[PDB]
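Q: Dropping in protein-v5.cif, with mmCIF, C-alpha atoms and all ligand atoms.
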data_structure
loop_
_atom_site.label_atom_id
_atom_site.label_comp_id
_atom_site.auth_asym_id
_atom_site.auth_seq_id
_atom_site.Cartn_x
_atom_site.Cartn_y
_atom_site.Cartn_z
CA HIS A 687 13.27 -3.84 13.72
CA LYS A 688 14.42 -0.76 15.62
CA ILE A 689 12.90 2.00 13.48
CA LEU A 690 9.42 0.48 13.12
CA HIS A 691 9.26 -0.36 16.84
CA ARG A 692 10.20 3.19 17.85
CA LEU A 693 7.72 4.79 15.44
CA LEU A 694 4.78 2.64 16.60
CA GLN A 695 5.39 3.14 20.33
CA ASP A 696 5.58 6.95 20.17
CA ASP B 229 -17.02 -0.38 14.73
CA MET B 230 -15.22 0.34 11.43
CA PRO B 231 -16.59 3.55 9.89
CA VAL B 232 -15.44 4.57 6.42
CA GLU B 233 -15.29 8.22 7.52
CA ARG B 234 -12.28 7.51 9.74
CA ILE B 235 -10.63 5.43 7.01
CA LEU B 236 -10.98 8.32 4.55
CA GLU B 237 -9.68 10.67 7.25
CA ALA B 238 -6.55 8.52 7.51
CA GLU B 239 -6.00 8.82 3.75
CA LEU B 240 -6.45 12.60 3.74
CA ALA B 241 -4.27 13.00 6.84
CA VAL B 242 -1.28 11.56 4.98
CA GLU B 243 -1.82 14.02 2.10
CA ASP B 263 18.32 6.85 -12.32
CA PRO B 264 14.59 6.69 -11.59
CA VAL B 265 15.33 3.59 -9.48
CA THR B 266 17.15 5.77 -6.95
CA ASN B 267 14.34 8.36 -6.92
CA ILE B 268 11.75 5.62 -6.38
CA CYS B 269 13.76 4.02 -3.56
CA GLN B 270 14.10 7.42 -1.86
CA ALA B 271 10.35 8.01 -2.09
CA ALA B 272 9.72 4.52 -0.69
CA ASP B 273 11.81 5.24 2.41
CA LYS B 274 10.08 8.60 2.91
CA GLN B 275 6.61 7.04 2.69
CA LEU B 276 7.44 4.24 5.14
CA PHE B 277 7.48 6.86 7.90
CA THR B 278 4.14 8.19 6.64
CA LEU B 279 2.73 4.64 6.47
CA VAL B 280 3.14 4.23 10.24
CA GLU B 281 1.16 7.43 10.83
CA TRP B 282 -1.54 6.21 8.43
CA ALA B 283 -1.87 2.84 10.17
CA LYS B 284 -2.16 4.53 13.57
CA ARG B 285 -5.24 6.35 12.24
CA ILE B 286 -6.96 3.15 11.06
CA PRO B 287 -9.55 2.18 13.72
CA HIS B 288 -8.40 -0.45 16.25
CA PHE B 289 -4.92 -0.96 14.72
CA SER B 290 -3.15 0.79 17.60
CA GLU B 291 -5.07 -1.42 20.05
CA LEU B 292 -3.44 -4.60 18.71
CA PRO B 293 -0.38 -5.95 20.53
CA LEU B 294 2.71 -4.00 19.53
CA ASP B 295 4.41 -7.13 18.15
CA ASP B 296 1.41 -7.71 15.88
CA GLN B 297 1.40 -4.10 14.66
CA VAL B 298 5.02 -4.73 13.63
CA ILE B 299 4.13 -8.00 11.89
CA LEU B 300 1.24 -6.50 9.91
CA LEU B 301 3.25 -3.54 8.62
CA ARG B 302 6.33 -5.60 7.75
CA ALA B 303 4.07 -8.02 5.86
CA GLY B 304 2.05 -5.42 3.96
CA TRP B 305 4.18 -2.29 3.53
CA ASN B 306 5.06 -2.90 -0.13
CA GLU B 307 1.46 -3.54 -1.20
CA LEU B 308 0.29 -0.59 0.91
CA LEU B 309 2.76 1.81 -0.71
CA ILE B 310 2.11 0.51 -4.24
CA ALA B 311 -1.64 1.03 -3.86
CA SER B 312 -1.06 4.62 -2.72
CA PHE B 313 1.18 5.84 -5.53
CA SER B 314 -0.85 3.89 -8.11
CA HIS B 315 -4.04 5.70 -7.08
CA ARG B 316 -2.17 9.02 -6.91
CA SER B 317 -1.09 8.51 -10.54
CA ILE B 318 -4.53 8.15 -12.16
CA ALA B 319 -4.29 11.88 -12.93
CA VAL B 320 -1.35 11.31 -15.31
CA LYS B 321 -0.85 9.11 -18.37
CA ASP B 322 2.10 6.72 -18.85
CA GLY B 323 3.65 7.88 -15.58
CA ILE B 324 3.87 7.50 -11.82
CA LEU B 325 3.69 10.40 -9.36
CA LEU B 326 6.13 9.96 -6.50
CA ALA B 327 5.42 11.37 -3.05
CA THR B 328 8.59 13.48 -3.39
CA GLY B 329 6.96 15.54 -6.15
CA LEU B 330 8.85 13.78 -8.94
CA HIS B 331 7.30 12.05 -11.95
CA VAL B 332 8.71 8.87 -13.50
CA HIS B 333 7.66 8.49 -17.12
CA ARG B 334 7.09 5.08 -18.67
CA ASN B 335 9.95 5.87 -21.07
CA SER B 336 12.30 6.68 -18.17
CA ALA B 337 11.55 3.37 -16.46
CA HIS B 338 12.08 1.45 -19.70
CA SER B 339 15.41 3.19 -20.35
CA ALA B 340 16.53 2.20 -16.82
CA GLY B 341 15.80 -1.50 -17.40
CA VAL B 342 12.70 -1.73 -15.19
CA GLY B 343 10.10 -1.23 -17.90
CA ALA B 344 8.41 -4.61 -17.46
CA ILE B 345 7.29 -4.15 -13.85
CA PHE B 346 6.52 -0.47 -14.51
CA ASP B 347 4.12 -1.45 -17.29
CA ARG B 348 2.48 -3.97 -14.94
CA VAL B 349 1.75 -1.18 -12.44
CA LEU B 350 0.30 1.07 -15.15
CA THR B 351 -1.82 -1.65 -16.75
CA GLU B 352 -3.00 -3.78 -13.82
CA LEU B 353 -3.36 -1.02 -11.20
CA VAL B 354 -3.30 2.61 -12.38
CA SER B 355 -5.39 2.22 -15.53
CA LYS B 356 -7.89 -0.03 -13.74
CA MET B 357 -8.18 2.46 -10.87
CA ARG B 358 -8.79 5.22 -13.41
CA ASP B 359 -11.24 3.12 -15.43
CA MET B 360 -13.61 2.60 -12.50
CA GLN B 361 -12.91 6.00 -10.88
CA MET B 362 -11.93 4.37 -7.59
CA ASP B 363 -12.37 7.01 -4.89
CA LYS B 364 -10.26 7.73 -1.82
CA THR B 365 -12.66 5.97 0.56
CA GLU B 366 -12.44 2.78 -1.50
CA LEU B 367 -8.65 3.04 -1.72
CA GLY B 368 -8.34 3.47 2.04
CA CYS B 369 -10.64 0.52 2.67
CA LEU B 370 -8.64 -1.70 0.30
CA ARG B 371 -5.46 -0.61 2.08
CA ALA B 372 -7.04 -1.37 5.47
CA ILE B 373 -7.97 -4.83 4.18
CA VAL B 374 -4.35 -5.37 3.10
CA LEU B 375 -3.13 -4.05 6.46
CA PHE B 376 -5.36 -6.47 8.41
CA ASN B 377 -3.81 -9.54 6.80
CA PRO B 378 -4.70 -12.53 9.02
CA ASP B 379 -2.34 -14.81 7.05
CA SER B 380 0.70 -12.92 8.40
CA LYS B 381 3.13 -15.26 10.14
CA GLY B 382 3.71 -14.92 13.87
CA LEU B 383 0.44 -13.17 14.76
CA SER B 384 -0.41 -13.72 18.42
CA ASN B 385 -4.15 -13.74 17.59
CA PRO B 386 -4.87 -14.18 13.87
CA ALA B 387 -8.59 -14.43 14.63
CA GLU B 388 -8.72 -10.83 15.88
CA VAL B 389 -7.01 -9.57 12.71
CA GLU B 390 -9.43 -11.60 10.58
CA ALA B 391 -12.31 -9.98 12.49
CA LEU B 392 -10.93 -6.50 11.82
CA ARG B 393 -10.56 -7.31 8.12
CA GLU B 394 -14.17 -8.53 8.05
CA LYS B 395 -15.38 -5.25 9.56
CA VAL B 396 -13.47 -3.26 6.92
CA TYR B 397 -14.97 -5.03 3.92
CA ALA B 398 -18.41 -5.03 5.54
CA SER B 399 -18.19 -1.23 5.79
CA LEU B 400 -16.70 -1.02 2.30
CA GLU B 401 -19.59 -2.93 0.72
CA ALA B 402 -22.17 -0.79 2.53
CA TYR B 403 -20.41 2.33 1.23
CA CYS B 404 -20.38 0.96 -2.33
CA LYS B 405 -24.06 -0.02 -2.33
CA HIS B 406 -24.96 3.40 -0.92
CA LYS B 407 -22.79 5.64 -3.11
CA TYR B 408 -22.81 3.52 -6.31
CA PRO B 409 -26.18 1.72 -6.30
CA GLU B 410 -26.10 1.43 -10.11
CA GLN B 411 -22.87 -0.64 -10.02
CA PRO B 412 -23.80 -3.85 -8.15
CA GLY B 413 -20.50 -5.50 -9.08
CA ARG B 414 -18.33 -2.66 -7.81
CA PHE B 415 -17.52 -4.16 -4.40
CA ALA B 416 -16.24 -7.34 -6.06
CA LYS B 417 -14.32 -5.35 -8.69
CA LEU B 418 -12.42 -3.56 -5.91
CA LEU B 419 -11.53 -6.81 -4.13
CA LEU B 420 -10.43 -8.46 -7.37
CA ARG B 421 -7.58 -5.96 -7.80
CA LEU B 422 -5.97 -7.44 -4.67
CA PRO B 423 -4.47 -10.51 -6.41
CA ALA B 424 -2.76 -8.21 -8.91
CA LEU B 425 -1.53 -5.97 -6.08
CA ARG B 426 -0.16 -9.05 -4.29
CA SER B 427 1.66 -10.29 -7.41
CA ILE B 428 3.09 -6.85 -8.22
CA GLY B 429 4.17 -6.34 -4.61
CA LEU B 430 6.07 -9.63 -4.63
CA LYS B 431 7.89 -8.75 -7.86
CA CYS B 432 8.89 -5.31 -6.57
CA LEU B 433 10.35 -6.93 -3.44
CA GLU B 434 12.29 -9.34 -5.68
CA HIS B 435 13.81 -6.40 -7.56
CA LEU B 436 14.63 -4.57 -4.33
CA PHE B 437 16.52 -7.56 -2.92
CA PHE B 438 18.53 -7.75 -6.14
CA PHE B 439 19.39 -4.04 -5.89
CA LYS B 440 20.56 -4.63 -2.31
CA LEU B 441 22.66 -7.63 -3.38
CA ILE B 442 24.47 -5.72 -6.14
CA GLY B 443 24.93 -2.81 -3.75
CA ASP B 444 25.15 0.08 -6.24
CA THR B 445 21.68 1.46 -5.43
CA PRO B 446 21.34 3.72 -2.35
CA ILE B 447 18.82 2.19 0.06
CA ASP B 448 17.92 4.26 3.11
CA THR B 449 17.60 2.96 6.65
CA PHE B 450 13.85 2.32 6.94
CA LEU B 451 13.67 0.67 3.51
CA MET B 452 16.73 -1.39 4.45
CA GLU B 453 15.07 -2.44 7.72
CA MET B 454 12.08 -3.81 5.81
CA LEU B 455 14.54 -6.04 3.94
CA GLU B 456 15.76 -7.58 7.22
CA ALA B 457 14.97 -11.18 8.14
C1 LIG A 701 12.47 1.00 -9.85
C2 LIG A 701 11.28 0.06 -9.73
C3 LIG A 701 11.52 -1.01 -8.67
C4 LIG A 701 11.01 -2.39 -9.10
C5 LIG A 701 11.03 -0.58 -7.28
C6 LIG A 701 9.55 -0.46 -6.88
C7 LIG A 701 8.40 -0.46 -7.90
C8 LIG A 701 8.02 0.93 -8.40
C9 LIG A 701 6.91 0.87 -9.45
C10 LIG A 701 6.58 2.26 -9.99
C11 LIG A 701 7.31 -0.07 -10.59
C12 LIG A 701 9.22 -0.03 -5.46
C13 LIG A 701 7.98 -0.12 -5.03
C14 LIG A 701 7.68 -0.14 -3.53
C15 LIG A 701 7.76 -1.46 -2.76
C16 LIG A 701 7.37 0.96 -2.88
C17 LIG A 701 7.25 2.32 -3.57
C18 LIG A 701 7.00 3.38 -2.82
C19 LIG A 701 6.83 4.78 -3.40
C20 LIG A 701 7.65 5.24 -4.60
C21 LIG A 701 5.92 5.54 -2.81
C22 LIG A 701 5.53 6.97 -3.19
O1 LIG A 701 6.24 7.68 -3.95
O2 LIG A 701 4.45 7.43 -2.74
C23 LIG A 701 10.34 0.26 -4.48
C24 LIG A 701 11.64 -0.49 -4.76
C25 LIG A 701 12.11 -0.41 -6.21
#
Kindly transcribe the structure held in the file into structure tokens.
Ligand SMILES: CC[C@H](C)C1=C(CCC(C)C)/C(=C/C(C)=C\C=C\C(C)=C\C(=O)O)CCC1
A:
Amino acid sequence: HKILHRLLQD
Amino acid sequence: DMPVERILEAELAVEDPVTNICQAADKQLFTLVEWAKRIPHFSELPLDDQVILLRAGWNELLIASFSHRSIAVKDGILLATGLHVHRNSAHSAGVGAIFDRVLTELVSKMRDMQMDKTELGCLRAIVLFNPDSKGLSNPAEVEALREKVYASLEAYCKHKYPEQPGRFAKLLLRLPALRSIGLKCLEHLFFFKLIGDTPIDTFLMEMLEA
């Protein structure tokens, strides 16, 4: 779930 | 611990018709992450559980948003991209049945009771804090957050609409329809992916992953 992971961490 | 003023602030902070709808869905998935970050205590959950809650509730969360946005129009849905999909356009594209379900079970009922943005945001926060989601590291904490949302929602309803004692229950009883409509829309989207002649963008595609 690359996109969701990246958006939540930022 | 769960004030309705911050939930409303989250709503206001985020401001072939099948192809147009799928493009708007992908656009709003990015916006949905920013919305959830602004819901109190969501960002404090473990990162794996933030992922689980959004992957479990994204379709219901997006449907509630464009349904409430469309109470201003008749026989139509307002997309976040500025486009309008008329009931006749959806019917002529072969998706009239589910379109009519959205208009009848969600949009018209939202318009009939004049559901406001604070109530919409609270209902979306209840959907977001779904303690039944599989894989949650601590389902009890999510259940506690959901309880705080609908405790604050009821207090808001009794205070702003004292003459409508059944309003809090009326809001919650749209959630079974939202759940059923969300499941059907996912069913359609998987069929579109299987056929493969409908453009599906990367974030929408990721939500279709196992
Ligand atoms: C062609 C109808 C078909 C079944 C379909 C639906 C249902 C659209 C409704 C209007 C019937 C979708 C809804 C979701 C799961 C999300 C919608 C997000 C949008 C469109 C948000 C916005 O514009 O704010 C996306 C995938 C395809």
Q: Counting all atoms listed in the file, what residues are within 9 Å of ligand LIG 701 (chain A), given as a tab-separated table (two decimals) with C-alpha atoms, in the coordinates of the input?
A:
chain	number	residue	atom	x	y	z
B	263	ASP	CA	18.32	6.85	-12.32
B	264	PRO	CA	14.59	6.69	-11.59
B	265	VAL	CA	15.33	3.59	-9.48
B	266	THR	CA	17.15	5.77	-6.95
B	267	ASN	CA	14.34	8.36	-6.92
B	268	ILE	CA	11.75	5.62	-6.38
B	269	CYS	CA	13.76	4.02	-3.56
B	270	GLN	CA	14.10	7.42	-1.86
B	271	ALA	CA	10.35	8.01	-2.09
B	272	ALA	CA	9.72	4.52	-0.69
B	273	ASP	CA	11.81	5.24	2.41
B	274	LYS	CA	10.08	8.60	2.91
B	275	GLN	CA	6.61	7.04	2.69
B	276	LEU	CA	7.44	4.24	5.14
B	305	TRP	CA	4.18	-2.29	3.53
B	306	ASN	CA	5.06	-2.90	-0.13
B	307	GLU	CA	1.46	-3.54	-1.20
B	308	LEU	CA	0.29	-0.59	0.91
B	309	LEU	CA	2.76	1.81	-0.71
B	310	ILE	CA	2.11	0.51	-4.24
B	311	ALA	CA	-1.64	1.03	-3.86
B	312	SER	CA	-1.06	4.62	-2.72
B	313	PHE	CA	1.18	5.84	-5.53
B	314	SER	CA	-0.85	3.89	-8.11
B	316	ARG	CA	-2.17	9.02	-6.91
B	323	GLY	CA	3.65	7.88	-15.58
B	324	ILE	CA	3.87	7.50	-11.82
B	325	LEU	CA	3.69	10.40	-9.36
B	326	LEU	CA	6.13	9.96	-6.50
B	327	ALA	CA	5.42	11.37	-3.05
B	328	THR	CA	8.59	13.48	-3.39
B	329	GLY	CA	6.96	15.54	-6.15
B	330	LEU	CA	8.85	13.78	-8.94
B	332	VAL	CA	8.71	8.87	-13.50
B	337	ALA	CA	11.55	3.37	-16.46
B	340	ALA	CA	16.53	2.20	-16.82
B	341	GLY	CA	15.80	-1.50	-17.40
B	342	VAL	CA	12.70	-1.73	-15.19
B	343	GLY	CA	10.10	-1.23	-17.90
B	344	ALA	CA	8.41	-4.61	-17.46
B	345	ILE	CA	7.29	-4.15	-13.85
B	346	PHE	CA	6.52	-0.47	-14.51
B	347	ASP	CA	4.12	-1.45	-17.29
B	348	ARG	CA	2.48	-3.97	-14.94
B	349	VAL	CA	1.75	-1.18	-12.44
B	350	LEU	CA	0.30	1.07	-15.15
B	428	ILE	CA	3.09	-6.85	-8.22
B	429	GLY	CA	4.17	-6.34	-4.61
B	430	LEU	CA	6.07	-9.63	-4.63
B	431	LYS	CA	7.89	-8.75	-7.86
B	432	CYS	CA	8.89	-5.31	-6.57
B	433	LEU	CA	10.35	-6.93	-3.44
B	434	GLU	CA	12.29	-9.34	-5.68
B	435	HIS	CA	13.81	-6.40	-7.56
B	436	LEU	CA	14.63	-4.57	-4.33
B	437	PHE	CA	16.52	-7.56	-2.92
B	439	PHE	CA	19.39	-4.04	-5.89
B	451	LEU	CA	13.67	0.67	3.51
Q: With only C-alpha atoms as the basis for distance, which of B:302, B:285, B:407, B:417 is at the shortest distance from residue 235 of chain B?
A: B:285
Q: Around the point (6.6, 0.8, 18.7), in the coordinates given by the file, pick out the residues reaching within 10 Å, counting all atoms listed in the file, and return them as a VMD selection string.
A: (chain A and resid 687 to 696) or (chain B and resid 280 290 293 to 295 297 to 298)
Q: Could you write out that same residue set with C-alpha atoms as a PDB file, keeping the file's coordinate frame?
A:
ATOM      1  CA  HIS A 687      13.270  -3.840  13.720  1.00  0.00           C
ATOM      2  CA  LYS A 688      14.420  -0.760  15.620  1.00  0.00           C
ATOM      3  CA  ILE A 689      12.900   2.000  13.480  1.00  0.00           C
ATOM      4  CA  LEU A 690       9.420   0.480  13.120  1.00  0.00           C
ATOM      5  CA  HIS A 691       9.260  -0.360  16.840  1.00  0.00           C
ATOM      6  CA  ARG A 692      10.200   3.190  17.850  1.00  0.00           C
ATOM      7  CA  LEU A 693       7.720   4.790  15.440  1.00  0.00           C
ATOM      8  CA  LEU A 694       4.780   2.640  16.600  1.00  0.00           C
ATOM      9  CA  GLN A 695       5.390   3.140  20.330  1.00  0.00           C
ATOM     10  CA  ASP A 696       5.580   6.950  20.170  1.00  0.00           C
TER      11      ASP A 696
ATOM     12  CA  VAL B 280       3.140   4.230  10.240  1.00  0.00           C
ATOM     13  CA  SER B 290      -3.150   0.790  17.600  1.00  0.00           C
ATOM     14  CA  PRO B 293      -0.380  -5.950  20.530  1.00  0.00           C
ATOM     15  CA  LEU B 294       2.710  -4.000  19.530  1.00  0.00           C
ATOM     16  CA  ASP B 295       4.410  -7.130  18.150  1.00  0.00           C
ATOM     17  CA  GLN B 297       1.400  -4.100  14.660  1.00  0.00           C
ATOM     18  CA  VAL B 298       5.020  -4.730  13.630  1.00  0.00           C
TER      19      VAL B 298
END
Q: Which centre and which edge lengths, in Å to one decimal, describe the axis-aligned box that holds all listed atoms of segment 386-401 of chain B after 4 Å is added on each side, as AutoDock Vina command-line options?
A:
--center_x -12.2 --center_y -7.7 --center_z 8.3 --size_x 22.7 --size_y 21.4 --size_z 23.2
Q: For residue 386 of chain B, list every protein, DNA or RNA residue within 12 Å, evaluated using only C-alpha atoms, and leave out those in the same chain fewer than 6 positions away; present the list as a ChimeraX atom specification.
A: /B:292-293,296-297,299-300,376-380,392-393
Q: Near residue 418 of chain B, counting only C-alpha atoms, which residues have an atom at most 10 Å away, once you skip same-chain residues fewer than 2 positions from it, shown as a ChimeraX atom specification?
A: /B:356-357,360,362,366-367,369-370,400-401,404,413-416,420-422
Q: What is the atom CA of residue 236 of chain B to atom CA of residue 364 of chain B distance in Å?
A: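 Going from atom CA of residue 236 of chain B over to atom CA of residue 364 of chain B covers 6.4 Å.
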Q: Could you jot down the atom CA of residue 315 of chain B to atom CA of residue 358 of chain B separation for me, Å, one decimal place?
A: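 Pair atom CA of residue 315 of chain B / atom CA of residue 358 of chain B returns 7.9 Å.
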Q: How many Å lie between atom CA of residue 301 of chain B and atom CA of residue 457 of chain B, rounded to one decimal?
A: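 So the answer is 14.0 Å.
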Q: Taking into account all atoms listed in the file, which residue in the set B:336, B:449, B:361, B:399 is nearest to chain A?
A: B:449
Q: Looking at B:403, B:408, B:438, B:282, which one is nearest to chain A, with distances taken over all atoms listed in the file?
A: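 For chain A, the nearest of the given residues is B:282.
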